[PDB]
Amino acid sequence: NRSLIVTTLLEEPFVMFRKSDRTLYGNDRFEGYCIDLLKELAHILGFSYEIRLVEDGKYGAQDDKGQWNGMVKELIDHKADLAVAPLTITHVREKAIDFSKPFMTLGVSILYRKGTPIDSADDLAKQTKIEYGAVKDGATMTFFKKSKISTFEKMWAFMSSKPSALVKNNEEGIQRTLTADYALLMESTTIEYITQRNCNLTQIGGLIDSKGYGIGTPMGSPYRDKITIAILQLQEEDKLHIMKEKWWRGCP
Amino acid sequence: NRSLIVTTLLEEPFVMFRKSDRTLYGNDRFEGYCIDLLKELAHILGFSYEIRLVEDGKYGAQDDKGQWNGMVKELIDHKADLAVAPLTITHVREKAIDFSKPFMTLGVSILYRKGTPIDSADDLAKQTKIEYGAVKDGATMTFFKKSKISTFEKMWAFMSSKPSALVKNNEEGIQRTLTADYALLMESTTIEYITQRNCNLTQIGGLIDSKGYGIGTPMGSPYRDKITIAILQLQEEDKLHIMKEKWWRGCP
Amino acid sequence: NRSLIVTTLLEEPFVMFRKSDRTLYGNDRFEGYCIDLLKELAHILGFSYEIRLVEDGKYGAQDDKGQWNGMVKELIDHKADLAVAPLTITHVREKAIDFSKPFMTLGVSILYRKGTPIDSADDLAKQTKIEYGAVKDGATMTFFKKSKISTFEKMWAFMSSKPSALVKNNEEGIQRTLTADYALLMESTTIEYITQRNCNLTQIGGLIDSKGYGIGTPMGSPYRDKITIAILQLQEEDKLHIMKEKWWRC
Amino acid sequence: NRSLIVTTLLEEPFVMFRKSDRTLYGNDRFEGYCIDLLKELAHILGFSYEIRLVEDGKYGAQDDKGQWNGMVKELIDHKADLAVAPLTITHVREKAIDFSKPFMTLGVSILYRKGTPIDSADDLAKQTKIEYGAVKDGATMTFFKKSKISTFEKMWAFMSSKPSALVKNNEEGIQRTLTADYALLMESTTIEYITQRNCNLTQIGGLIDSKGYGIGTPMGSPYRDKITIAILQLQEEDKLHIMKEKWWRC
Ligand SMILES: N[C@@H](CCC(=O)O)C(=O)O
Ligand SMILES: N[C@@H](CCC(=O)O)C(=O)O
Ligand SMILES: N[C@@H](CCC(=O)O)C(=O)O
Ligand SMILES: N[C@@H](CCC(=O)O)C(=O)O
Ligand SMILES: [Cl-]
Ligand SMILES: [Cl-]
Ligand SMILES: [Cl-]
Ligand SMILES: [Cl-]
Ligand SMILES: [Zn+2]
Ligand SMILES: [Zn+2]
Ligand SMILES: [Zn+2]
Ligand SMILES: [Zn+2]
Ligand SMILES: [Zn+2]
Ligand SMILES: [Zn+2]
Ligand SMILES: [Zn+2]
Ligand SMILES: [Zn+2]
Ligand SMILES: [Zn+2]
Ligand SMILES: [Zn+2]
């Protein structure tokens, strides 16, 4: 019996500020893959909504007291009804919030410049010349912090130690990659987006793991299963694959 | 304890003759999405194989005696061990052969020229000026022949009646579309391929149904589940999505 | 937290009494396509259940006062949590109860003896020699009773006319097509089951419409969406195809 | 076409006797993570089964003659169709039996009293005051017994040395860490279960390796691939996560 508060953050090409001469307001400020997804979901399920950028600009992770930040935290405190973004479904987050079925698959990989001898995460772990990190308080950082795998523990030790290696967001990580001897642990669909538009960057190795993006809701929300049903409809209508190709579609 | 006989047929961009000055022989004659898929499957499961084009150049359908032709028939008579092509999984075919899990999703739609008033299958059914058909002895023809839906029965009546409307293959159907007032009932991933490379053709309407392509095997084959497991691995490694974009990737 | 009450009714091959040499009781009494479907749903959703045949043996329809009966009424009154049966999804019903996405598609058609000239609802309406009808207070009845089309408004006149035309259930109607000069307006997947067993019967014409069967729940049910997801998962794994082949296979 | 024989053994929280006020029998005797997993597999693949505890209570290892015992031996000799248990996937085992893809990941680690300075296998090997060992004829034993690494070739000397060091099962080993100055080399998901119940115990150090548990079948089994597909489907639906939370939750 109302509109929903949709939380999200700026991340190319998922959610971006549209270009317009005249000043746009409210939901009209945004375009991108997730904005389109949101429009399709609101249409099918018949709900109205308002988009708010999350204040601390973070996806979400736990401190030592066990308290969350980022979009995940917004759902916990019922300040939002849906998180509509490239929000990684993880078993850690499932303890605190709920996720629809995935609308896109991805895995962690490495973004780095072309031409080097580096071919895998192990090659980065072995050495210390080349620095490497991940986005701060995102799922990738959490993957390394929580890993029990010898190599990844080693890499978390390194990351965590260097005072600069954990970057505010993807844009800052991309800039560190371009500007310094730095490799970014990054999700593969974004690496795909970046490497199509920057011929001097490449993906290093394959996927370190495998997961998906899903719409987040507060735990117990009835919209979770409704959103899952709408996502399944769109996959059946092949609308998600058309949507990807529109926002993702050359390097010699 | 041997190599496998892989049956298939020429269909762009799934299976094609490679371009080379020097004459190529055997499996070296072919390239395309399915050729790549086959290489990845043989690698994972560790089997060797030989590719043979199916004689009558057909996918497969039943006559009145209930006898099959095309690739489906090759599997029935154990003349091949795997059908590796854009082979549509249908409940009709499952009675005679087995399929792996799908490696690609698709649905039936319409290919026709841009600019017209035609917007759906119903618009074609209503009238008779514009002729329309499907590939002969493929899953699309069978979909219309077997349909109990009023509109599709109407369209099958029309198709079936016109002596020319059922075309030998996609290439001939595409040519009829370009050359005459003709709309082709065609699977959506191929329509996608064609409309990216011919700016005067477009998809008409959405998908009429929803299904997938799978690797075919003779009924009871142990390779069926092994191929399913290998397909799942490739999806996990995100190799199928990379493979699609390589063979499918502009129109103002 | 408790066992869900499932309402249903006897209808081959969806729900039937299992054969035995002793008196069976509880859920153990039943088998069939819809029983197998219920078992999948209970496993996937993780619930226990008790099957209860609907007292009045009706699918469900409204009277002039607008009150419901049959399984539909059981859901409305919260006497049952789910209806698991070949329950037709219709707009009128969607106003009083919720349905899952369909687990089977079908349409109205005609069951009749082999070997006559009658070939469509057309042929039957043009004439009054061969009698005809449908199950009382079912979706097929309601379809004719609400149709604006002329050929069917025609037939509803006939059915609303004769005192006998509307049979109590499919069994009585199949009996009548074997006993008297009578054609039964019946849903096509059931026609399919019957004509494969009774070689002296056949379907007449095509499908008069297109619709589906769904699992019924009372409005506001915390289970309907989960049940839709379960049905979508069954369909994806070809389980509904296999389930139909199990129970449908002249 | 017949009921599959499932071999397993008692190990909390994977397989345990259910509590009751009467004597239970058959499959009804058991509960736990692996029992729930078996039920999912039986439902998905559509088979009936009979659970039989392995006579010698061993997971399985080779002797000098190269002959096997435990559940592994039961599969080799075709006395059982499946092994459903926390059965570690190892190369040596992969030579004699087939495994599904893993349903759980784990690694070797150390269980010990809280409050001491010992902090890794390192610390334990450097010293001989605190005694240590592992389950006899299990995968952890075989890991130390085959290791070329020095710190572990070290410890296998110690374990192959003392007559007591190798315990009969996890229960005896946990008892011993509570009873005597003894550290148990044990698999990490089991350490996790225990330390959440016994607040005076803790894990020492990290994971010495990485591997997984899988369903065991005899070589050439017509069920192994189907079982892998079923496990992949469970994992996709987060069912294995939910199953672990059910049985693992100081
Ligand atoms: N999509 C990630 C953020 C990016 C990353 O962590 O690599 C998340 O939901 O936390
Ligand atoms: N892929 C189809 C052929 C093309 C079509 O029928 O549209 C088949 O397997 O039969
Ligand atoms: N399946 C119908 C009953 C049979 C019929 O009306 O033909 C219903 O749900 O009402
Ligand atoms: N899970 C082990 C037994 C326990 C251990 O060796 O620590 C096996 O399969 O042999
Ligand atoms: Cl019995
Ligand atoms: Cl009853
Ligand atoms: Cl009891
Ligand atoms: Cl026993
Ligand atoms: Zn989970
Ligand atoms: Zn595409
Ligand atoms: Zn099927
Ligand atoms: Zn892509
Ligand atoms: Zn099932
Ligand atoms: Zn109630
Ligand atoms: Zn209305
Ligand atoms: Zn299950
Ligand atoms: Zn045997
Ligand atoms: Zn070896």
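Worth knowing before you read on, the calculation uses all heavy atoms, side chains too, and leaves out hydrogens, waters and symmetry mates. Ligands are counted one by one from 1 in listed order, and the atoms in each one are counted from 1 as well. Residue numbers begin at 1 in each chain, while the letters A, B, ... track the order of the sequences.
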*Asks:* Counting only N and O atoms by type, is there a donor-acceptor contact under 3.5 Å from the side chain of D:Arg29 to the main-chain atoms of D:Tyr25?
*Replies:*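 Absent.
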*Asks:* For A:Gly107, is there any backbone N or O sitting under 3.5 Å from a side-chain donor or acceptor partner on A:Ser188?
*Replies:*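 Judged by distance alone, yes, a pair lies under 3.5 Å.
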*Asks:* As a test of reading the structure, name the N/O/S atom of B:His91 that is nearest the Zn ion (ligand 11).
*Replies:*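 Nearest N/O/S atom of B:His91: ND1.
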*Asks:* What atom name does the N, O or S atom of A:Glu245 nearest to the Zn ion (ligand 10) carry?
*Replies:*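 Looking at A:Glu245, the N, O or S atom with the least distance to the Zn ion (ligand 10) is OE2.
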*Asks:* Angle subtended at the Zn ion (ligand 10) by NE2 of A:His241 and OE2 of B:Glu192, to 10 degrees?
*Replies:*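 Nearest ten degrees: 120°.
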*Asks:* Could you identify the N, O or S atom of B:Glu94 positioned closest to the Zn ion (ligand 11)?
*Replies:*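 Looking only at N, O and S atoms of B:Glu94, the one nearest the Zn ion (ligand 11) is named OE1.
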*Asks:* Classify the ring geometry between C:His241 and B:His91 as parallel (under 30°), tilted (30 to 60°) or perpendicular (over 60°).
*Replies:*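 If you compare the ring of C:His241 with that of B:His91, the planes turn out perpendicular.
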*Asks:* Aromatic rings B:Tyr213 and B:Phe103: how do their planes relate, parallel, tilted or perpendicular, breaks at 30° and 60°?
*Replies:* tilted
